[PDB]
Structures are given as structure tokens and as C-alpha cells.
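These protein sequence lines map, in sequence, to chains B and E.
Taking the deposited numbering, the leading residue of the first sequence gets 120, the next gets one more, and so forth.
Taking the deposited numbering, the leading residue of the second sequence gets 585, the next gets one more, and so forth.
The C-beta atom is built at its ideal place from N, Cα and C for all residues, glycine as well.
Data first, discussion second: the structure below is written as C-alpha cells.
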Amino acid sequence: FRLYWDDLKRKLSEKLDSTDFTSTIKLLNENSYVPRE
Amino acid sequence: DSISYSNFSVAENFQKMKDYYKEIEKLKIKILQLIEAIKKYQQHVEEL
């Protein structure tokens with residue numbers, strides 16, 4: 120088939136209401152990464 | 585985690601507390617040398 124634009128921003132929002140950024144920003148602030156020069 | 589996110593501030597702050605206490609020791613010996621010099625001044629004024 121094909122995917123046009125208005126279908127595709129909808130598919131982005133459907134992929135985007137599922138992900139979680141808060142757990143990853145906790146993950147980059149754990150004690151195994153926290154001082155990094 | 586709320587105790588883990590706040591370690592660096594408390595570490596460097598406590599390091600400052602160590603520094604200022606060291607220099608309070610340095611002035612603590614210096615003041616007694618000064619009082620000794622004041623006593624020498626007193627007896628020499630008594631001599632003159």
C-alpha cells in the first residue's frame with residue numbers, strides 16, 4: 120500500500136502515547152552513570 | 585532515589601566545612617604567638 124502524511128502523523132501519535140520518558144530519565148540518573156565528565 | 589540524587593551538593597559543602605575549620609586552627613596558633621609578643625612588649629616597656 121502507501122502511507123500519506125495525515126495517516127502518518129496519526130501513526131506517530133499512536134506510537135507516542137505509549138512510550139514513557141520519565142523512567143528513562145530516572146535511568147540516566149542512577150548511581151551507575153551519574154558523574155560523567 | 586531522592587537521597588541518591590543529592591550527594592554531590594552535600595559532599596562539596598562538607599568539604600568547605602573542613603577547609604574553614606583548618607584555617608580556624610591556623611589562626612588559633614597565630615593568636616597565641618601574638619599574645620606572647622604582647623607580653624614581651626609589656627616587659628620591655630617596663631624596662632624603659
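Interface flag, residue i vs chain E, CB-CB below 9 Å
i, result
"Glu156 of chain B", "no"
"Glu149 of chain B", "yes"
"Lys128 of chain B", "no"
"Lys145 of chain B", "yes"
is_contact[residue i, chain B] using C-beta, thresh 9 Å
i, result
"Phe598 of chain E", "no"
"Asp585 of chain E", "yes"
"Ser593 of chain E", "no"
"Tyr605 of chain E", "no"
"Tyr625 of chain E", "no"
Unbroken alpha helix (DSSP H) run spanning residue i, endpoints
i, result
"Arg129 of chain B", "124-135"
"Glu607 of chain E", "592-631"
Close beta carbons around residue i, own chain, < 8 Å, minus the five adjacent residues each side
i, result
"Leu122 of chain B", "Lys130"
Any C-beta of chain A under 9 Å from that of residue i
i, result
"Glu607 of chain E", "Structure shown: chain A not included; protein chains present are B and E."
Whether residue i touches residue j by CB criterion (9 Å)
i, j, result
"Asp585 of chain E", "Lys128 of chain B", "no"
"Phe598 of chain E", "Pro154 of chain B", "no"
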